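Reading the structure
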Amino acid sequence: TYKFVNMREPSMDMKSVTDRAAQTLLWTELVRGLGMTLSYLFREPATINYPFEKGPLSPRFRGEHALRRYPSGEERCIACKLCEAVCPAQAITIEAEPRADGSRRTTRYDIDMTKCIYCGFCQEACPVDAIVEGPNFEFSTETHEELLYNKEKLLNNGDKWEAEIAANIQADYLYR
Amino acid sequence: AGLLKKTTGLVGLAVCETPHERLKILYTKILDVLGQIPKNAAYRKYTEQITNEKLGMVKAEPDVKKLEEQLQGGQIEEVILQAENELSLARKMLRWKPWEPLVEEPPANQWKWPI
Amino acid sequence: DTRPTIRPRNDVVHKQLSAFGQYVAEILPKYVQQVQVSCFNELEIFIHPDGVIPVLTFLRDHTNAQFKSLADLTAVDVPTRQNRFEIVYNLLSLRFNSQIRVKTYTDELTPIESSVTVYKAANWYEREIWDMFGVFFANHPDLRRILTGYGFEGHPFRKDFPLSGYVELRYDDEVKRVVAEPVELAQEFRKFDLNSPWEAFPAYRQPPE
Amino acid sequence: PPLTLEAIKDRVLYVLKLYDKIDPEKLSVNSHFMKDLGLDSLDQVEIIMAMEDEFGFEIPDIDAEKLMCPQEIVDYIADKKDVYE
Amino acid sequence: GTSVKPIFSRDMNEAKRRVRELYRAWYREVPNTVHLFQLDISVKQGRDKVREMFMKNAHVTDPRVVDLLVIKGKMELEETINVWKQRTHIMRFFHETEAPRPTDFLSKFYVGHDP
Amino acid sequence: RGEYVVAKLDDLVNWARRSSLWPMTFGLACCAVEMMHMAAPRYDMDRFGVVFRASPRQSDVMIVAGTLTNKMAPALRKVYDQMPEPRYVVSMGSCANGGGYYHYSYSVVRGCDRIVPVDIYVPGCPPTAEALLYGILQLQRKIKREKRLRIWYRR
Amino acid sequence: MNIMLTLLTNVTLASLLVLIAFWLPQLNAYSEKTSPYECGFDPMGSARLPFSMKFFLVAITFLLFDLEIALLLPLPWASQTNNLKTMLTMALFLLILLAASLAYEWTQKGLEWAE
Ligand code: SF4
Ligand code: SF4
Ligand code: SF4
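Residues numbered from 1 in each chain as written, not as in the entry; some residues may be left out. Chains lettered and ligands numbered in written order. Part of a larger assembly, values for the part shown. Heavy atoms only, no water.

Our focus in this paragraph is the overall build of chain C. The number of helices and strands found in chain C is three helices and nine strands. The helix and strand sequence of chain C, counted from the amino end, reads α-β-β-α-β-β-β-β-α-β-β-β. Across the 209 residues that make up chain C, the buried fraction comes to 51%. Residue pairs at least 24 apart in sequence account for 46% of intrachain contacts in chain C once pairs closer than 6 positions are excluded. As displayed, chain C has an accessible area near 11300 Å², and 54% of this comes from carbon and sulfur atoms. Computed over 24 positive and 29 negative side-chain charges, the separation of the two mean positions in chain C equals 7 Å. (Helix = DSSP H or I, 4+ residues; strand = E, 2+ residues; numbered from the N terminus. Buried < 20%, exposed > 50% of the residue type's maximum accessible area, 1.4 Å probe, protein only. Contact = heavy atoms within 4.5 Å. Areas by Shrake-Rupley, 256 points an atom, 1.4 Å probe, with all protein chains shown as cover. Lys, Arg positive; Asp, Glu negative; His and termini not counted. Charge placed at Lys NZ, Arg CZ, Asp CG, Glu CD.)

A word on the interface of chain B and chain C. Between chain B and chain C, the residue contacts involve 32 residues of the former and 33 residues of the latter. Of the roughly 2900 Å² buried where chain B meets chain C, counting both sides, 64% is carbon and sulfur surface. Contact with chain C buries surface across chain B, with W96(B), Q110(B) and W111(B) losing the most and accounting together for 24% of the total. Viewed at the interface, chain C and chain B are joined by two salt bridges. The interface formed by chain B and chain C includes 16 residue pairs in polar contact. Contributing elements (two or more residues each) for the side of chain B that touches chain C: α2 (42-60) and α4 (76-96) of chain B. In terms of residue count, the dominant contributor to the side of chain B that touches chain C is α4(B) (eight residues). Of the residues in the side of chain B that touches chain C, the class split is 17 nonpolar, eight polar and seven charged. (Buried area = accessible area lost by both parts, 1.4 Å probe. Salt bridge = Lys/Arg side-chain N within 4 Å of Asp/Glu carboxyl O. Polar contact = N/O pair within 3.5 Å; in protein donor to acceptor, adjacent residues only side chain to side chain. Nonpolar A, V, L, I, M, F, W, Y, C, P; charged D, E, K, R; others polar.)

Glancing now at a negative patch on the surface. Taken together, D173(C), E174(C), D40(E) and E96(E) make up a surface patch of like negative charges. Residue placement: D173(C) occurs in the loop between β8 (167-172) and β9 (177-182). (Patch = residues over 30% accessible without salt bridge, like charges linked within 9 Å, V, L, I, M, F, W, Y side chains within 5 Å.)

Near ligand 2 you find 13 residues, and of these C77(A), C80(A), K81(A), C83(A) and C126(A) are the closest. Looking at the shell around ligand 2 residue by residue, the class counts come to 12 nonpolar, no polar and one charged. (Near = heavy atom within 4 Å.)

Before going further, it helps to examine the UniProt feature "domain: NADH:ubiquinone oxidoreductase 30kDa subunit" (unreviewed entry) in chain C. As annotated by UniProt and renumbered to match this structure, "domain: NADH:ubiquinone oxidoreductase 30kDa subunit" (unreviewed entry) occupies residues 47-166 of chain C. Across residues 47-166 of chain C one finds 18% helix and 20% strand; the C-alpha atoms that close the span lie 36 Å apart. (UniProt positions renumbered as here; feature names shortened; annotations may be inferred.)

This next bit is on the arrangement of the chains. Looking across the 10 pairs of chains in contact, one finds the most contacts between chains B and C. Of all C-alpha pairs spanning chain C and chain D, none lies closer than 23 Å, and the two are not in contact. Kept free of each other, chain B and chain G leave a smallest C-alpha distance of 23 Å between them.

Residue and element names in this part refer to chain F. Spatially, the four strands line up as an open sheet ordered β1-β2-β3-β4, and their pairing is parallel. A single partner strand is all that each edge strand has here, and the edge strands are β1 (23-27) and β4 (121-122). Where β1 and strand β2 (residues 61-65) come together, five bridges link them in parallel fashion. Among the inter-strand pairings, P23 is bridged to a residue of β2, identified as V61. (Pairing = 2+ DSSP bridges.)

Moving on, we get to the side chain of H89(E). Summarising the element assignment, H89(E) is placed in helix α5 (residues 87-91). A polar atom in the side chain of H89(E) sits 3.1 Å from the backbone oxygen of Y150(C).

We now examine the nonpolar core. Within the largest apolar cluster, 66 residues are counted, with the highest numbers of intra-cluster contacts made by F20(C), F58(C), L59(C), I100(C) and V102(C). No other element matches α4(B), which puts nine residues into this core. The contact partners of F20(C), leaving out residues within four places of it in the chain, are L43(C), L59(C), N64(C), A65(C), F67(C) and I100(C). Of all hydrophobic cores here, the second largest spans 46 residues; its members include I48(D), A64(D), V83(D) and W26(E). (Core = buried A, V, L, I, M, F, W, Y, C linked by side-chain atoms within 4.5 Å.)

On the side of chain G, four residues touch chain E, which itself brings four residues to the contact. In total, chain E and chain G occlude about 360 Å² of area from one another, counting both sides; carbon and sulfur atoms represent 62% of this. Taken together, the links from chain E to chain G amount to zero salt bridges. Joining chain E to chain G, the criterion identifies zero residue pairs in polar contact. The residue makeup of the side of chain E that touches chain G, split by class, is two nonpolar, two polar and no charged.

The next subject is the site of ligand 1. In the vicinity of ligand 1, the contacting residues are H65(A), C87(A), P88(A), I92(A), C116(A), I117(A), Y118(A), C119(A), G120(A), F121(A), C122(A) and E133(A). Residue composition of the shell around ligand 1, grouped by class: nine nonpolar, two polar and one charged.

Next up, the structure:
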């Protein structure tokens, strides 16, 4: 099924030629273009008053990363290195070591936020929902080094955006 | 035999007002060049088979639209266009002439691609 | 259906492709070495390098082939072979609604007749093949680097060319001009050997040597 | 004024003087760049360029190959620019 | 096995021939290239750098190979002539910013485990 | 007081600077598409005084949006050196920041920093058009805290 | 008096704005900030060589046509005469040749811009 987009032949009767001539001299399609720009002038602009009116997002939004912890308080990451193994840009570096108490966690968990592609593959691979991408997207910085997060900064994010990340996965865990 | 179509739709492909004779003369030139091809070549028998069907096909039907429908080659102007290509192909085929056996068997593991 | 996950397989297309494969093989036995139809109904024609131009011309011009569009022209670098480069042609026939694959072989020092004459689309594809891999093509109009930066050394897509390259770039203030230096990665690319030592597919079990 | 073989002689030995990697002492009319003055093929390309730019006209590659001594340059320039004496 | 079809040259003699005028085409425009690109370096160090690059590729004793560098140098000449390379690309040949790596074994032993 | 006079005068200049930033679009990769959405009426970059203007002779800030390929690296430096220089550079996306996805490639410089000095860094892949608006807002704050006249008065 | 005072004030106002333009904003410049702009990469060397455009024929006819408008400019005071028949005939006569010149210029390639 195809349609011929431009195969219209104008009529040669005395009426049609005059209308085309009237269109030519008395610019009409130009007025129609003008007339519609006036229509948009009186309409309702769609601009949102940033930062007083932030844009609409979804619970699945991928932003700044953070390591969450169990309700008890102990971290969720058990250093399985799934997130590091599946990271498409190799932005994850992990070093683990037996903790003093037994059950062992990472001693180094660095995310290179200038090498990250924010694909979210880390939060899917994680079998304990430890590493997640938080809702924040306003962590722009003045220096390149401030982007290169390590375990401490990421753990701080987990203790800062927990009130929001907990609700997001609460609304989205059933889909996954 | 069918009214002269205003355009072929395709850009550049001009409408041929006398397509029947054009197909007949080119097809005769096809079997002409195929004459210089010895019988043994698979190119000769196959192309002759295609053209001999087509030649007896264009002469039988005088109407353009039944010719196009039954030819299964789109618009008629494409048929002369492709028959021309078959002519040029057969001419340059005479130079390279692939009837000859394979020029060289490839190395042992050039193909076979599990690494 | 009993195969809700397995992709359905078409045998009619397999028979039509196989019949055409024999057709092309008999037409030009001078270059066609071997021909095969893959499981997912795709035809591959293995020609000798000298047959690059004649075979393509036949597929482009024959009334029963009419492959009149070079989809792409690429090569696969396989160092373990004597002719490491393996030039691959992909053609599409609009009249017959089918696609064909024509593949040759070439070592490092051997020129291939440029297909610019048959398919003018090959012109830019040829430059990429030379730039990425180093395969020179004779009779090419404007054979030169297309993707790599000016004065680039080596051919990147070659398997023996390191991923990070040999040279990085930096603005040097002393000369007030962007300069080139030997590469020094802040974090080396952590190579991952993730090939399971257990056989995956018994169908492609290469017989022992 | 006309052109004579002596004119070619003086200007040829003139242009060889400016060549840095030449020695004015062992440089002679019979001096062989490979043999006498110890040059290379890339060097020999430089003189025959210095020949053609100073002489003005263009001398191809075919004659720049076996032409080796200032005699050969003076003899070959003579016929090209019609110096028969 | 010992015989394979060539690129442009049938032996070293014509391959060396194609090197000579390539060096000719590289000698002439160096003052022009220096003028064109506002080179900081004078003309003289331009000429021998062409000479040195031609010199380092001397051990080659294969007609097919020599053709490859000959055509590759031609593109390099082409890139330089029609202002396709800027000052930075030209200055890339003069390794200026990087410190001289010493060649004596003692210095290498002092700086690192580089063999 | 002289210090007070220089204080108000500096604020007047800094207000005139931060209230008119004219980006010189270096649209390179998918980071540029999201930046145009900032120019789209949903966020309306123009409303903040910041409006897109070509001809780097008539622009104040660079917005590096996309990967910086080694081949074009001289172009980035040249268009950076030609800006009348109360000037700042905004890096959009992981690729422009430090290489991002193509950090390990043979022909991508690991960050636009190696060619030009970089002001505020905008992380993302791509950073959403709202995130860039926050970035430009951060530069306005940075311009606000400029003591050019106070330093001159205390030299 | 009145006209020259207005002319003076405008040029002093314009010149003062230049003076505060080049002096109030202090300069930290170098040789790369003064380089000609060519959308990034290095210019090939141009902007003063002969840049031959095509509308030269119609550019020079404008000069001829601008003389026609000079000739027919005094029409507002020409209507205040006692012999309008002669004035009307001559006034239309200049317009006719102006139309005639354009028409003949049109027919012989003329307004068409050279390729
Ligand atoms: S979202 Fe970032 S850190 Fe997570 S896997 Fe993807 S690239 Fe790696
Ligand atoms: S995937 Fe989760 S549990 Fe595994 S190493 Fe990464 S953060 Fe830790
Ligand atoms: S950071 Fe992501 S979105 Fe931005 S240019 Fe790189 S790949 Fe594209």
